[PDB]
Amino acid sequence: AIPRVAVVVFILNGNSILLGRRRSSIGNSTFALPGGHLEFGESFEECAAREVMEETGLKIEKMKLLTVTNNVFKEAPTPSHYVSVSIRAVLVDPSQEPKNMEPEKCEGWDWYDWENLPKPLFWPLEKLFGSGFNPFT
């Protein structure tokens, strides 16, 4: 077991971000970001665009590195350790709506207002927000 690299994407649309409830043995039914695992030779931005396309069908642009978090899941059915790179992006077409391309992993994607976020948030995301992190600013 070694740390693995993930990229998660804050897709900003107006005052909203895209979230969807996980179907997973880690954080089941909590609201999480679209994201994926970084592949050998891939840039953060190439991974962000690929994962978002794979999971939601959405086309994004104007990507920007935000931060990196250390996310250890000790009590998981298989304990895992992710180092997660956060990327901000916006839609190429602001009217494009997400599709649930991987329903085995997610209940569906929807837009949530920064001032009315749902609960429960996936703990890595809740923890990051609790630190004062704001993807818009």
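The term rigid core refers to the maximal set of C-alpha atoms that superpose within 1.5 Å between the two forms. So that there is no doubt, residue numbering starts at 1 and follows the sequence shown.
Enquirer: Stretch 48 to 56 versus stretch 71 to 79: after rigid core alignment, which one is farther off in C-alpha RMS in 4 other deposited structures of this protein?
Expert: It is 71 to 79 that deviates more in 4 other deposited structures of this protein.
Enquirer: Between 76 to 84 and 89 to 97, point out the one with the higher average CA B-factor as the PDB entry records it.
Expert: Comparing 76 to 84 with 89 to 97, the higher mean C-alpha B-factor belongs to 76 to 84.
Enquirer: For the higher mean C-alpha B factor in the entry, choose 98 to 106 or 27 to 35.
Expert: In the deposited entry, the stretch with the higher C-alpha B-factor mean is 98 to 106.
Enquirer: Please say which third, lowest, middle or highest, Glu46 falls into when its CA temperature factor is compared across its chain.
Expert: Within its chain, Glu46 is a middle-third residue by C-alpha B-factor, going by the deposited values.
Enquirer: Using the B-factor values recorded in the entry, state whether the Cα atom of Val52 falls in the lowest, middle or highest third among the modelled residues of its chain.
Expert: Within its chain, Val52 is a lowest-third residue by C-alpha B-factor, going by the deposited values.
Enquirer: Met63's Cα B-factor: lowest, middle or highest third of the chain?
Expert: Tercile = highest for this residue's CA B-factor.
Enquirer: Please rank the C-alpha B-factors of the chain's modelled residues and tell me whether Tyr112 sits in the lowest, middle or highest third.
Expert: Its C-alpha B-factor belongs to the middle third of this chain's values.
Enquirer: Rank-wise, by C-alpha B-factor, drop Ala6 into the lowest, middle or highest third of its chain.
Expert: As the PDB entry reports it, the C-alpha B-factor of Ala6 lands in the middle third of its chain.
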